[PDB]
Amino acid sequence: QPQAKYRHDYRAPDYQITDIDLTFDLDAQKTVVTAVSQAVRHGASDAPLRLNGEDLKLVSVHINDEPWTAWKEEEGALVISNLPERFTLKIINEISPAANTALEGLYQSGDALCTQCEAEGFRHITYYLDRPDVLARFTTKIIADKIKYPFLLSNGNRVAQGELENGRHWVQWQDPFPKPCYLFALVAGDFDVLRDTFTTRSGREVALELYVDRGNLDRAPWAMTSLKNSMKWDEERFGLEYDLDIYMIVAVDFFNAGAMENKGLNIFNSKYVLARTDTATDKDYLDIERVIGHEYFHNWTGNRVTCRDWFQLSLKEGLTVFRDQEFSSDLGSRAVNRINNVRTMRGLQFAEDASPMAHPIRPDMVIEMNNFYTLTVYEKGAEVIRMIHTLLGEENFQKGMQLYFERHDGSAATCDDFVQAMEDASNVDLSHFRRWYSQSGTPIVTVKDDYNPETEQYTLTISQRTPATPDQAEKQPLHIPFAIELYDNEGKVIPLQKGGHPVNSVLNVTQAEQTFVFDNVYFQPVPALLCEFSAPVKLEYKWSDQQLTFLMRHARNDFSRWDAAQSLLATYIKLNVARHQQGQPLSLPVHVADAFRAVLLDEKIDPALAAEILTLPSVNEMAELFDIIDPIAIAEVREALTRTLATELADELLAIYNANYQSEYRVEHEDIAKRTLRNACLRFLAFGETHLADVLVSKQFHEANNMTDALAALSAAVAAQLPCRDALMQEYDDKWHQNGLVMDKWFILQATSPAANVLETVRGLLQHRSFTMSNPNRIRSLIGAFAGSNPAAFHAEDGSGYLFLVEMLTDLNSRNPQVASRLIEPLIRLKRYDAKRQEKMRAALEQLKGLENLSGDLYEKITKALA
């Protein structure tokens, strides 16, 4: 079983490879790879060259065309001794794409051949320095059957091509930018292609090419549009242009993650490309936008400046996630973006940071690097970049970006390099701030206030601490940017000031305990605290219900209104989960329902914001409110809350639902906001009087002129168990079974059903004609959704959920360890549950621990969990 690697052990490579010339004789069963690398020794004279390789059949090794005798293969490697200081290495080896079920390296996706090399997949293709601080100029020649693989793509530009006998042909590509090998890509296959052009602001014309399976061309234009929007935004906001002549994107159906930023040749999960208005939701559209942007933004933050080592992953991922969010936010509703990203942080990433798998955004120890493409590295990473932006402001932040690229373009850099550039450009000290890179867990910030009428001073007393995590026992105070705003009783902002002088509204919370005093506060204020979620922390402040509804009515930033609503609900969620556990039904003060009534009827509230306030926290967000999670109580309480609101607000709900009717479907931000509000009302209405509800939901499903409205109705039928549910579900199956992406939404609904027999229906679905264990999207939509988004069923008291997940992981461990490791995440959270649940979950993990051929991916998580 493999060994952890440690950040502190980094050392510069003994050898570099500057140029590599690859040839593939491609065939599904047996591909022959010939790799000619120019190498240069940088370390000691007697150091052997250690090349990484996995599942390779070595055919030959030459050094300057001399067959080499001074080498040996060992586990995962080829070690070559006694070398000159500079030489040409030539390796020939074979691999087998068709046997590759793990989907890393060169593998088969339906009838196409494609690659996934990040993190360490290139070593599955040939023996190489598969580490991202080795940067080479690639030239890639691909030879293949002309009829099966008429398109032969790799990074860069086409520089040669020819025909051969026996119906073969080849294309050779060259990419002038030196790159680590995780950015290599190869695709071969037969595709429809949508071609278009973007002209950069300095007048460079870029050819854009989107390759999709035959018959999918009608689902390509949105993705192409989003790519152009991405290129334009990166110019306007960051000053960055694309740096090559062609930009290819290939949509493939078998892909473990969302997409991959391979230079000039991104490969995407089809989920994040294909859309038409009858197949895809507004959410899909905005996800496609996000992910096309993200991969495009990587061209600079990732490709032109790469990562010295994998412990620096957040250097590219946090930053690129921050960029995708700023892009979505600039183009769409900034408040909705921020809100959703906060919901992800509080509801999903916080849970990871309290799990056995916790780590800092820049990890210190890793066994299987594929386990570290996480909510923490990505989402918390972005929150960290956003704290830098909070602290410097946009103008200085952009100077730091410029200094970062000027210093590091064409190299592999570290997180620390990025911070240093931000500090040097801005003259803001971020010494203490760096601790966000090295410390795990979610800080808890405790605030106490005092208003003094004699002195006309408001004083905040702010504390922080981060509990210990399983990985780190010592924790220290962070540099928390803690934004506030103070409101008088009409809703006007009170200027923050002290001893004659303006005070910055971003307070520097750097110690365990400190006090901040504001002068010239002539009237007792209501504060907004942690505005725009200015740091990724838990806030402990004893809000009154009235302060919160005041904020819902007057806070200047949309986000603060949302967040005040979430704090209002939180008290009553906790109340009612304790009640539920004692058999007591839901209790909600009248004035709380009235605060939501007011939001429904305030015509001055942006519908984008109203919709989010009227979207109740998910069962994951509700779970973060508790020390011990009771998932059955949480789910029953969320249902009961929804039915209570539905009853108390029925007439207003119906009215706003009807008022937001739109006969034209458009993918435009104002329209999306109205629809989102409409459908937020629908969710409550689905839990009204049974007959009204059944009629309204069924009508929406049947008369929808787009998938957003049809899915929302179908989902409501499922959630509220309405009489029409089985018929609507069967209709959607009959209509859409041949379409995987669309059936995924139905699999999710099945898996997250509140029906008593959900598990049984889920097992049955393992034989459904649209399901297959060969496809990660199907896996995640049916199995992963059950385990991860239906905690109430997953955690059924008879333990049937755990046994089901064990059976599924027993298969996936061998087939596709990365998807297995995604799916195991719910079981590793056992210590958040009660003793009886812990016990069955430990047993399930001990069973897994005992699997023959346990993957490293699962071994890592399972041993942290059982600790």
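Residue positions are given as counts along the sequence shown, with the first one as 1.
417-425 or 485-493, whichever carries the higher mean Cα B-factor: Here the higher of the two C-alpha B-factor means belongs to 485-493.
Highest mean C-alpha temperature factor of the two stretches 174-182 and 462-470, which is it? Taking the mean C-alpha B-factor of 462-470 and of 174-182, the larger value falls to 462-470.
Among 137, 308, 148, 343, where is the Cα B factor highest in this entry? In this record, 148 carries the highest C-alpha B-factor of the candidates.
Hey, out of 749, 743, 512, 291, whose CA B-factor is highest in the deposited coordinates? Answer, based on the entry's C-alpha B-factors: 512.
Lowest, middle or highest third: which one holds residue 378 when the chain's residues are ordered by CA B-factor from the entry? Residue 378: CA B-factor falls in the lowest third of its chain.
Taking the entry's C-alpha B-factors for this chain, is residue 334 in the lowest, middle or highest third? Middle third, going by the recorded CA B-factors of the chain.
Relative C-alpha B-factor of residue 857, binned into the chain's lowest, middle or highest third: Within its chain, residue 857 is a middle-third residue by C-alpha B-factor, going by the deposited values.
Lowest, middle or highest third of the chain for the C-alpha temperature factor of residue 20? Bottom third by C-alpha B-factor.
Lowest, middle or highest third: where is residue 82 by C-alpha B factor in its chain? For residue 82, the deposited C-alpha B-factor lands in the middle third.
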